[PDB]
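Listed here are the chains, written in short residue letters.
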Amino acid sequence: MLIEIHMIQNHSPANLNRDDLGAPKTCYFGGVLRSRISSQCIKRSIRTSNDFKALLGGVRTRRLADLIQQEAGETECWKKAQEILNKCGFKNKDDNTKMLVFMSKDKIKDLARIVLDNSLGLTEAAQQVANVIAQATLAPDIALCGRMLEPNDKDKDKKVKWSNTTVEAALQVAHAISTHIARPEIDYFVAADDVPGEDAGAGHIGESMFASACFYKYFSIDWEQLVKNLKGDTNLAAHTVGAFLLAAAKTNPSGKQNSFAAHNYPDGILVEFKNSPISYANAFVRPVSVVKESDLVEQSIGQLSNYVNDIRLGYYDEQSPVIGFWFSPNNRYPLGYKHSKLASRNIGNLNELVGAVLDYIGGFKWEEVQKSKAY
Amino acid sequence: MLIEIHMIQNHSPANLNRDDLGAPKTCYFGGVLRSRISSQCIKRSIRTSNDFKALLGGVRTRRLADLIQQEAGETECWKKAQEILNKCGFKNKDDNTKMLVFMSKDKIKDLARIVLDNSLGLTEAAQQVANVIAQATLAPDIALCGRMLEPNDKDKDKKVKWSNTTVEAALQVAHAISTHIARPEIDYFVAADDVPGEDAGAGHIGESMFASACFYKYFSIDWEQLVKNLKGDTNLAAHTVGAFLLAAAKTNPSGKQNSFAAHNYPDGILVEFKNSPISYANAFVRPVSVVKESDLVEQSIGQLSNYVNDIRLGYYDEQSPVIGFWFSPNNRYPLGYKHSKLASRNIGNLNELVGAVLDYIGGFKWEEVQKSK
Amino acid sequence: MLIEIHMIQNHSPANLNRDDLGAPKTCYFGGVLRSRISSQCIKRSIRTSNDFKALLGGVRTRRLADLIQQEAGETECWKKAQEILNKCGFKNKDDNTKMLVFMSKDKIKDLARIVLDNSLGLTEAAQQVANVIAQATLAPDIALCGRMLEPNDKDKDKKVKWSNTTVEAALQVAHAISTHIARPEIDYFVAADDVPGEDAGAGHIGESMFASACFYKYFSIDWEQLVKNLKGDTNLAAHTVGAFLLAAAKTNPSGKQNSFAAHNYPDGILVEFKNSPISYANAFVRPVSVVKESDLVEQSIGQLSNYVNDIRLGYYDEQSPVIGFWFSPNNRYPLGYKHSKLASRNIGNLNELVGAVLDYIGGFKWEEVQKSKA
């Protein structure tokens with residue numbers, strides 16, 4: 001079973017993502033220039049969100065020695081921990097490791113205990129550290145995003161063997177493309193010096209780039225793989241799915257948001273359950289041209305509805321029907337009026353939609369999955 | 001909890017913001033052109049306003065040497081202060097330090113004056129100046145707009161180390177976007193020679209471009225972040241929030257106002273407190289078209305009311321009810337013609353709105369927070 | 001502090017302002033078309049007015065050489081003056097100077113003396129002219145409308161220095177916007193040749209444009225900034241404020257007034273003082289529609305009064321009260337007709353209005369301010 005989240009959301013003039021030169025990210029979809037928000041940016045925004053705070057635990061750092069020292073307390077051993085990691089296969093540059101390590105935060109205590117003892121030697125300590133690190137995949141974010149870890153074989157102890165360090169990713173996120181011709185705008189700014197002086201000019205002259213676009217975002221969650229990655233913790237998987245839905249609905253990339261407060265909520269969310277992943281990005285091969293008698297978001301939702309109906313009637317007509325839930329805020333933008341039956345339900349509340357998804361998944365109340373907390 | 005201010009404001013034909021070409025700033029929202037005011041323009045108008053004057057601590061200058069020069073001694077500006085600033089990592093070019101330095105106005109300034117004037121030897125005054133600059137952080141405007149500063153490492157000596165200079169901004173300001181399609185108009189002007197000492201000419205002929213629009217404004221002040229940035233001074237943070245709320249309404253951008261006076265106060269302000277920021281800019285993804293039986297402001301407020309009601313009943317109804325206050329001048333424009341009590345209170349005065357906002361902040365009255373600074 | 005002037009004027013069918021194509025100026029306010037009179041036209045109408053002639057101590061010119069020659073006398077200093085200006089930072093590549101020097105003061109005799117002084121070098125004479133451009137520091141129109149010139153860098157070698165020239169004007173004038181939907185109309189006219197011919201007779205075919213509108217104007221004078229720009233002299237500032245009020249009350253643009261005489265006077269003037277500028281243009285976001293039992297002027301004034309009441313009751317601060325004077329000819333349109341008095345006092349004649357403004361602003365009177373002849 002796959003959980004497919006299709007989102008149509010319009011943003012205020014902003015620069016959520018940019019490259020080295022500072023311009024908003026762009027893509028060429030359908031032969032025309034579009035506005036792009038990278039999947040990594042949406043993944044980080046969802047991961048570092050209030051709705052996903054409880055299901056954290058995965059830390060991706062090159063400064064593992066600092067964490068080991070902080071957990072161990074006032075016992076020094078930072079240099080010896082760094083050397084243990086060095087023998088394990090993580091060379092340092094100056095003070096941090098040369099490569100990032102993804103690991104559960106609950107095993108920092110195990111690493112600190114393993115480092116702190118004096119009975120263990122150096123090869124044994126490195127082997128134990130590697131064993132602990134490779135087995136720390138219980139965090140929900142590690143389950144969703146995955147992990148790969150290739151230690152430096154050349155700069156590693158000969159008598160240190162690594163177990164399997166990769167975890168399958170249960171979440172697939174596509175780059176957020178725009179539904180129309182994305183035109184960029186240049187903002188001419190100036191920095192003013194408060195001190196009058198004698199120049200009577202400006203502190204700095206520069207060029208800022210921003211763009212506003214209606215974005216189509218696609219998410220895919222593998223329920224069986226998410227359950228397997230958590231070792232059968234079905235309740236934790238349901239909590240992860242619900243909090244992921246709430247986050248993806250309720251948080252935005254934090255890029256230049258102090259000057260571009262683009263905090264717009266999605267105008268329509270389609271949640272569909274199927275055994276194969278289907279992306280409705282081809283609904284917007286034609287860039288949406290705004291007409292006077294309609295609205296850009298309404299036109300995008302109508303095109304999406306037409307493509308969804310075409311896909312349902314031409315690809316998913318079997319003995320197994322596809323059940324999908326359509327969410328709009330207070331049913332502001334429904335699906336196409338020509339069908340009015342594409343979605344199984346038309347929910348007007350985000351919490352109700354989350355509850356419906358959880359109930360359909362395996363039968364799950366939001367309260368009884370939020371109730372799993374440590375205190 | 002976040003203090004967010006939504007404003008509907010209609011402006012007279014004016015040029016509040018323009019680019020290097022002189023054209024009023026614009027943007028494409030909803031696929032259609034919109035008149036735009038940059039966020040930094042509103043931020044500086046608030047920062048350089050009379051309601052924010054009591055909390056204006058901070059320079060953001062490239063002439064720190066001139067500020068330190070203000071002592072009686074006049075043999076420490078051109079050589080001494082310039083050398084110490086260069087050794088701190090601030091390159092010099094034409095009696096200015098190239099890049100801006102945001103820093104507290106009075107106290108860290110006279111500390112840097114004391115550091116620069118004799119004693120403590122040489123090659124170490126750069127350390128003291130860097131330490132005082134990187135640690136000030138105590139300013140309502142720095143607490144709101146943030147600070148971010150990396151000195152150039154090529155000129156600075158390797159014996160000087162810089163602490164954390166960046167601070168996290170507690171204020172988010174969105175660009176003001178028109179609720180309708182932009183209508184940029186060209187004004188044709190001439191400049192007339194007073195004395196006819198030659199043939200019957202005119203003088204200078206030019207091009208003036210202006211526009212009139214109804215703007216939707218968005219603000220967001222993080223209360224916990226603002227308190228943290230001010231070293232836990234809750235009274236100073238409350239004063240900052242109240243003064244910002246007053247300024248966002250009572251001051252306008254200071255562009256071509258000598259010829260385009262657009263001193264129109266907003267006809268609708270919506271202040272709601274919430275733990276997550278939501279911007280009601282999608283209320284105007286469909287541009288507002290004026291009908292004969294209404295005006296632009298009322299239609300914009302009605303669309304905003306519809307979007308706000310949709311957000312409230314479509315994103316959270318139980319648990320937190322999202323306390324929100326709606327303000328119009330003498331209740332001139334109600335938030336929609338539907339059933340009332342959509343907002344917690346309807347306030348017809350800006351001072352009572354500030355009082356209610358500060359009361360919800362934790363009960364600090366507007367009278368006694370002015371003594372914080 | 002700030003002196004705010006709001007007036008409502010109904011104009012007879014005319015073309016007071018026009019663009020390069022001949023059409024009357026228009027603006028899109030509130031989503032609907034409006035008739036517009038540009039702020040610079042109002043500023044010149046006030047500046048070049050009979051009432052504002054005792055303070056016309058300013059001249060904006062490019063032919064400063066002609067003024068220097070006239071002041072000097074029969075002595076020929078035109079070529080020398082143009083050379084001095086060219087090395088001062090006013091280039092001249094043809095028979096026309098491309099810069100509007102707005103010194104405008106009475107200190108042109110000083111410049112003439114510099115040019116005719118046959119004892120100093122041309123570079124230092126240019127420096128003396130340059131550093132006497134800046135210190136005009138006089139004339140009320142400089143204070144109301146400032147300067148910005150900063151010569152050129154393609155000339156004016158670095159051996160010649162310059163001082164600050166900006167004035168930071170103390171007057172803000174808004175564009176006059178109609179309180180209703182603009183109604184642009186077309187006039188059909190011909191040349192009407194004198195001598196008869198065999199045919200009917202038609203000299204030339206053309207189209208003329210005009211409109212009639214009720215205009216709301218906005219003025220704002222910063223008292224402290226106006227005094228600072230004049231380096232004290234509160235009497236001169238009071239005279240300037242009074243003359244500006246009188247001129248704005250009785251002056252109109254001279255655009256096409258020979259054939260479209262529209263010398264109408266305001267139906268009501270609201271003079272109100274506070275510390276921050278307030279514009280009542282949003283009173284007319286909804287255009288004024290014609291009602292059978294009413295007229296355009298009275299409906300416009302009623303809408304203005306409603307918006308002013310809403311603003312006063314919506315932005316009231318106890319420590320800084322906002323008061324104001326309402327004037328209408330012999331109280332033709334009462335502001336507070338029903339039950340209350342929105343304005344502090346209703347004034348029937350303009351002279352007592354200007355007297356109230358003067359004796360509130362500094363306690364001055366309209367009589368003894370005229371003695372400041374120079």
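Cut-offs and rules
Residues numbered from 1 in each chain as written, not as in the entry; some residues may be left out. Chains lettered and ligands numbered in written order. Part of a larger assembly, values for the part shown. Heavy atoms only, no water. Residues with missing side-chain atoms left out of burial classes, pairs and counts. Contact = heavy atoms within 4.5 Å. Helix = DSSP H or I, 4+ residues; strand = E, 2+ residues; numbered from the N terminus. Nonpolar A, V, L, I, M, F, W, Y, C, P; charged D, E, K, R; others polar. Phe/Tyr/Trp six-rings, centres within 6.5 Å; stacked < 30°, edge-to-face > 60°. Buried < 20%, exposed > 50% of the residue type's maximum accessible area, 1.4 Å probe, protein only. Patch = residues over 30% accessible without salt bridge, like charges linked within 9 Å, V, L, I, M, F, W, Y side chains within 5 Å. Areas by Shrake-Rupley, 256 points an atom, 1.4 Å probe, with all protein chains shown as cover. Salt bridge = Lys/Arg side-chain N within 4 Å of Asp/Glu carboxyl O. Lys, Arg positive; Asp, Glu negative; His and termini not counted. Charge placed at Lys NZ, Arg CZ, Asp CG, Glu CD. Buried area = accessible area lost by both parts, 1.4 Å probe. Polar contact = N/O pair within 3.5 Å; in protein donor to acceptor, adjacent residues only side chain to side chain. 1 Å grid on protein atoms, 1.4 Å probe; cavity = no way out; pocket = protein on both sides within 12 Å on 5 of 7 lines; lining within 4 Å. Points joined across faces, edges and corners; volume = space filled by probe spheres on them. Pairing = 2+ DSSP bridges. Axes fitted to C-alpha atoms, helices over the stretch in contact; angles between N-to-C directions. Parallel < 35°, antiparallel > 145°, perpendicular 65-115°, else oblique. Left-handed = near helix turned anticlockwise from the far one by under 90°.

Method of structure determination, per the deposited record: cryo-EM was used for this entry, reaching 2.8 Å resolution.

With the PDB entry as reference, chain C is termed CRISPR system Cascade subunit CasC, source organism Candidatus Cloacimonetes bacterium ADurb.Bin088. The title given for this PDB entry is "Cryo-EM structure of Cas5-HNH Cascade bound with sDNA, Conf2".

In the annotation of the PDB entry, chain B is listed under the name CRISPR system Cascade subunit CasC and assigned to Candidatus Cloacimonetes bacterium ADurb.Bin088.

Asks: Just give me the short version of the interface of chain B and chain C, but keep the residues and values in it.
Replies: If you look at the interface, chain B gives 48 residues, while chain C gives 49 residues. Listing elements by their share of the side of chain B that touches chain C, those giving two or more residues are β5 (185-192), β6 (203-210), α8 (234-250), α9 (296-315) and α10 (350-360) of chain B. Per-element accounting of the side of chain B that touches chain C gives the leading share, seven residues, to β5 of chain B. For the side of chain B that touches chain C, a count of residues per class yields 20 nonpolar, 16 polar and twelve charged.

Asks: Describe the packing of aromatic side chains, and please don't skip the residues or the numbers.
Replies: For the structure on display, the rule yields 28 aromatic pairs over all chains. Relative to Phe 244 of chain A, the ring of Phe 219 of chain A has its centre 5.5 Å away and its plane inclined at 85°; by these criteria the two rings are edge-to-face. Here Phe 219 of chain A, found in strand β10 (residues 214-222), pairs with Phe 244 of chain A, found in helix α8 (residues 234-250); they are 25 residues apart in sequence, far enough to count as distant. On the basis of relative accessible area, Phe 219 of chain A is assigned to the buried category, the value being 1%. The class of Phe 244 of chain A is buried, set by a relative accessible area of 2%. When the centroid spacing of 5.6 Å and the interplanar angle of 55° are considered together, the rings of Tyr 216 of chain B and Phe 284 of chain B count as tilted. Of this pair, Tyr 216 of chain B sits in strand β7 (residues 214-222) while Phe 284 of chain B sits in the loop between β8 (268-274) and α9; the two residues are 68 residues apart in sequence, bridging distant segments of the chain.

Asks: Would you mind going over a negative patch on the surface in detail, with residue names and values included?
Replies: Taken together, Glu 198 and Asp 199 of chain A together with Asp 66 and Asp 95 of chain B make up a surface patch of like negative charges. Tracing the backbone through its elements, the reader meets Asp 199 of chain A in the loop between β8 (185-191) and β9 (204-210).

Asks: Quick rundown of the interface of chain A and chain B? Include the residues and the values.
Replies: Listed as interface residues are 51 residues of chain A and, on the opposing side, 53 residues of chain B. Interface area lost by chain A to chain B is led by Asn 258, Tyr 265 and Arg 332 of chain A, which between them contribute 14%. In this structure, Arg 63 of chain B engages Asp 193 of chain A in a salt bridge whose closest nitrogen and oxygen atoms are separated by 4.0 Å. The tally of links between chain A and chain B comes to 27 residue pairs in polar contact. Here the element with the most residues in the side of chain A that touches chain B is β8 of chain A; it accounts for five residues.

Asks: Kindly report on empty space enclosed by the protein, identifying the contributing residues and their values.
Replies: The space that makes up the largest cavity amounts to roughly 150 Å³. In terms of lining residues, the largest cavity is bounded by 18 residues, among which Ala 14, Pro 24, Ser 35, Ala 211 and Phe 215 of chain C are the most central. For the lining of the largest cavity, the per-class residue count stands at nine nonpolar, seven polar and two charged. Taken together, 18 residues make up the lining of the second largest cavity; nearest its centre are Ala 14, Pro 24, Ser 35, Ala 211 and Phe 215 of chain B. Looking at which element gives the most residues to the lining of the second largest cavity, the answer is strand β3 (residues 32-37) of chain B, with three residues. When the residues that make up the lining of the second largest cavity are grouped by side-chain class, the tally is nine nonpolar, seven polar and two charged.

Asks: Mind laying out the arrangement of the chains, listing which residues take part and the relevant values?
Replies: Between chains A and B lies the most contact-rich interface of the two pairs of chains that touch. Nothing in chain A touches chain C; the tightest C-alpha to C-alpha distance between them is still 8 Å.

Asks: Which residues make up unusual backbone geometry, and what are the values?
Replies: Residue and element names in this part refer to chain B. With phi around 50°, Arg 60 is a residue other than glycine that occupies positive phi space. Topologically, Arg 60 is positioned in the loop between α1 (39-47) and α2 (64-69). For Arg 60, a relative accessible area of 25% translates into the label partly exposed. Here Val 322, not a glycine, exhibits a phi torsion of approximately 60°, which is positive.

Asks: With reference to specific residues and values, describe the environment of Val 167 of chain A.
Replies: Residues and elements named next belong to chain A. Among the secondary structure elements, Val 167 is positioned in the loop between α6 (140-145) and β6 (171-173). By relative accessible area, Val 167 is classed as buried at 10%. Residues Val 167 and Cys 41, 126 residues apart in the sequence, show an inter-C-alpha distance of 21 Å. For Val 167, the contacting residues outside a window of four places in its chain are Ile 142, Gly 146, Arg 147 and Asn 229.

Asks: An account of a positive patch on the surface is needed here, citing residue identities and associated values.
Replies: Residues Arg 62, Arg 63, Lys 93 and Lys 98 of chain A make up a contiguous surface patch of positive charge. Within the secondary structure layout, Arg 62 of chain A lies in the loop between β4 (58-61) and α2 (64-72).

Asks: Tell me about the environment of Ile 301 of chain A, and please be specific about residues and values.
Replies: Residue and element names in this part refer to chain A. By the element assignment, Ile 301 lies in helix α9 (residues 296-315). It is 46 Å that separates the C-alpha atoms of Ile 301 and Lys 98, two residues lying 203 residues apart in sequence. Residues within four places of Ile 301 in sequence aside, it is in contact with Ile 8, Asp 267, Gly 268, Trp 326, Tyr 333, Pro 334 and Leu 335.

Asks: Account for the pattern of salt bridges, with residues named and values stated.
Replies: Residue and element names in this part refer to chain C. Here the structure, examined in full by the defined rule, presents 24 salt bridges over all chains. A salt bridge links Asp 141 to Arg 47; the nearest nitrogen and oxygen atoms lie 2.4 Å apart. Taken together, the residues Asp 141 in helix α6 (residues 140-144) and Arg 47 in helix α1 (residues 39-47) connect sequence positions 94 residues apart. A relative accessible area of 1% places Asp 141 in the buried class.

Asks: Lay out the environment of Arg 312 of chain C with the relevant residues and their values.
Replies: With respect to the helices and strands, the residue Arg 312 of chain C is situated in helix α9 (residues 296-314). Taking the C-alpha atoms as reference, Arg 312 of chain C lies 9.2 Å from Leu 342 of chain C; in sequence the two are 30 residues apart.

Asks: Outline the pairing of strand β2 (residues 26-29) of chain A, listing residues and values.
Replies: All names here are of chain A. Burial along β2 is one-sided: the residues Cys 27 and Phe 29 are buried and none of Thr 26 and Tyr 28 is. When β2 meets strand β3 (residues 32-37), the two strands line up antiparallel, connected through four bridges. Of the residues in β3, the one forming a bridge with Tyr 28 is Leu 33. Here β2 folds back onto β3, and the loop between the two strands holds two residues, one of which, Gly 30, carries a positive phi near 75°.

Asks: Can you explain the side chain of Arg 113 of chain B? Please cite residues and give values.
Replies: All names here are of chain B. Position of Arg 113 among the secondary structure elements: in helix α4 (residues 107-116). There is a polar contact of 2.7 Å between the side chain of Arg 113 and the side chain of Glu 71. Once residues within four sequence positions are removed from consideration, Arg 113 is found in contact with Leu 67, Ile 68, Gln 70 and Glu 71.

Asks: Account for the packing of α8 of chain B against α10 of chain B, naming residues and giving values.
Replies: All names here are of chain B. In contact at an axis separation of 10 Å, α8 and α10 are set at 150° when each is read in the N-to-C sense. It follows that α8 is roughly antiparallel to α10 by the angle criterion. In terms of crossing hand, the pair formed by α8 and α10 is right-handed. Every residue of α10 that contacts α8 at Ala 238, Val 241, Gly 242, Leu 245, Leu 246, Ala 249 and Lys 250 is listed here: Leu 350, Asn 351, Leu 353, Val 354, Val 357 and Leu 358. Looking at the contact of α8 with α10 residue by residue, the class counts come to ten nonpolar, two polar and one charged.

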